[PDB]
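Student: This is the structure I want to talk about, given as structure tokens.
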Amino acid sequence: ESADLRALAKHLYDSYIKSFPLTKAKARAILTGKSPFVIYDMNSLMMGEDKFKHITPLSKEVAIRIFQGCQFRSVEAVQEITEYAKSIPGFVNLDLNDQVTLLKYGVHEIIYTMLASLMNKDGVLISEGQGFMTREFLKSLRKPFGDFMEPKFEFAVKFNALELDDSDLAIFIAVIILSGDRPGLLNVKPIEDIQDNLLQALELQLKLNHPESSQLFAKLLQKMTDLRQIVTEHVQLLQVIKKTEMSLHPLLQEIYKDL
Amino acid sequence: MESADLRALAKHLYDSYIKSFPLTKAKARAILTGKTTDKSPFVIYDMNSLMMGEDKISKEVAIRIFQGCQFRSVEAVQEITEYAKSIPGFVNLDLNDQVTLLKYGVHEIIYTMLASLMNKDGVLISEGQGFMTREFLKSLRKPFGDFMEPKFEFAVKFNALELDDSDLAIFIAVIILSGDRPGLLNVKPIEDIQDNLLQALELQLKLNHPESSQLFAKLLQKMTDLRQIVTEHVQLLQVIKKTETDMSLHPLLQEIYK
Ligand SMILES: C[C@@H](Oc1cc(C(=O)O)ccc1-c1nn(C(=O)c2c(Cl)cccc2C(F)(F)F)c2ccc(Cl)cc12)c1ccccc1
Ligand SMILES: C[C@@H](Oc1cc(C(=O)O)ccc1-c1nn(C(=O)c2c(Cl)cccc2C(F)(F)F)c2ccc(Cl)cc12)c1ccccc1
């Protein structure tokens, strides 16, 4: 019934708000000016990290230091997504191996999605919106690091034209997690039953929240196409970096072994 | 914190412990105490049964066994690292401090969780498919025999507390989040997390062992015995390393011991 779907939408929105540091609503206010430190070149990076816990010297080259800052922030997001997943109705009741599998194969798609909340066409928010690193600075990093950053902005600009808000994104993120086609799942049926409920709720939410945005539901599901592919391209970009170039303390490499 | 937050944290950490560590104490105790047909381990107690064990479960035997321990210890480090990431606040810390905490914490945790696999007569191996007797390990030559036995000496005492996995999940989280590790940059955010974990441990032990008086203090005192056993272990491993050439250390362990 509608009430159950709206109750589920509100449940997920409230947990979404508690799980993530910077919401899209707050991020947009920063990006539009409605005041962060701007990193637009090398000198302003040095000042920005002398006046950001991901790009502090622990690798001396700047492009490497920014690249690992991306990894180290992605590890934080994984734990934030993991906590959020526990709030999705039915999730903690799934087989424990399947919970791990769902999170393992989903965090990459979800981090891409949620990164778009922090991006516009000119750059990206960092350190809870306290900093803003320009697209041009990231795109102009040397060797493959510059071509590693730009595809994220390319996706975000297109994803952002849907103009989803946080209440829409809370259900969408839950739909991605509850994907019954992840390899190695042991009991697909209850995962698909939950996702079917989340899809009903997302569908009703987009009708109520975007009544004049025709077939928005379909277009969001199509962005599942854009997401599986770029995560595919993303892993193959990492592999080229790993064989060509990065040394970290073996313990450090263990913390990041998944990203 | 309020009780409900203390209990919610204990449940979180237990869930994650189960996801992170393939062989729980609950399963280890089922194997060790037996009474079953399907879970029965093959028992390695001498040279011939080790050979038969490696057919259903080359260097000198003591080196082979040491490499056995070394290989599991690296896997354990990997499992502990994964578990640490799930502790609320740990990944948000300064990354040098994350390294520093794992660096000094893993050995104390390995000893703790090794006890789960031990009784006074031996230790489970190959994910519980095998059991290697204490006497066999202790009779290995040169320095390798006395290198094995102190682990059993601690475990017999630690196991007298009768902790279960839900207790141990919080206890090993307290160990990791120790503010007195050398070289830490930001002691205060680590201590705030530990105080939360210590509160959680205290309530967990009172609810789970309500007839066990001062179990909390006794467990914290065991975090003393661990500081010493880890000291003796590394001082034995260094001496072993500069007398035995037939051992390389895994690069992960080599960097931890530096
Ligand atoms: C702005 C900040 O980055 C993020 C912040 C957040 C957040 O706050 O929610 C989420 C993601 C990134 C970020 N990940 N990422 C990756 O490569 C990546 C991705 Cl998409 C998915 C999974 C794993 C990874 C990997 F493991 F490989 F890291 C980026 C690539 C380019 C850009 Cl511009 C941002 C990201 C940051 C910190 C430090 C320097 C620069 C930018
Ligand atoms: C039962 C199995 O050993 C462990 C299994 C596990 C596990 O499954 O969680 C964790 C630890 C050991 C184990 N490490 N270890 C060491 O010396 C050691 C330690 Cl504690 C910490 C860091 C580095 C090392 C070193 F590098 F030096 F190796 C042992 C010494 C004696 C005993 Cl009886 C067990 C261990 C095993 C496998 C194969 C043959 C015999 C025993």
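The first residue you see is number 1, and the count goes up from there.
Determined via X-ray crystallography, 2.2 Å.
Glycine is no exception: its Cβ is also placed from the backbone N, Cα and C atoms.
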Student: Say Swiss-Prot lists B:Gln70, B:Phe71, B:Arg72, B:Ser73, B:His233, B:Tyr257 as binding rosiglitazone: which of B:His12, B:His107 is in the same site, per that record?
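Tutor: Among the candidates, Swiss-Prot records only B:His107 at this rosiglitazone site.
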Student: Among B:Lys19, B:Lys85, B:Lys103, B:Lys222, which is the one flagged in Swiss-Prot as ubiquitin cross-link?
Tutor: B:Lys19
Student: To the nearest whole angstrom, state the Cα distance for the pair B:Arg72 (rosiglitazone binding site) and B:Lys19 (ubiquitin cross-link).
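Tutor: The Cα atom of B:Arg72 (rosiglitazone binding site) is 18 Å away from the Cα atom of B:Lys19 (ubiquitin cross-link).
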Student: Would you mind sorting out which recorded positions among B:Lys19, B:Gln70, B:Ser73 put a C-beta under 6 angstroms from ligand 2?
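Tutor: The qualifying recorded positions are B:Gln70, B:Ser73.
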Student: If we take B:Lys19, B:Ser73, B:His107, B:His233, B:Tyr257 as the recorded positions, which have a Cβ under 8 Å from chain A?
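Tutor: Qualifying residues, whose Cβ lies under 8 Å from chain A: B:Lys19.
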Student: Calculate how many Å lie between the CA atom of B:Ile57 and the CA atom of B:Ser58, with the 11 residues in between left unmodelled, and give a whole number.
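Tutor: Spelled out: 11 residues absent, and the flanking Cα atoms 18 Å apart.
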Student: Among B:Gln70, B:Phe71, B:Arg72, B:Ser73, B:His107, B:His233, B:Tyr257, listed as contacts of rosiglitazone, what is the widest Cα spread in Å, to the nearest whole number?
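Tutor: The two farthest binding residues have Cα atoms 16 Å apart.
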Student: A 10 Å Cβ contact count, applied to the binding-site residues B:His107, B:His233: which residue has the minimum?
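Tutor: Each of the binding-site residues B:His107, B:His233 was scored; lowest Cβ tally within 10 Å is B:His233.
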Student: Other than its own, how many Cβ atoms are within 10 Å of the Cβ belonging to B:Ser73 (rosiglitazone binding site)?
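Tutor: Neighbour count, Cβ to Cβ under the 10 Å cut-off: 19.
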Student: By the DSSP assignment reduced to helix, strand and coil, which category contains B:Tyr257 (rosiglitazone binding site)?
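Tutor: The three-state answer is coil.
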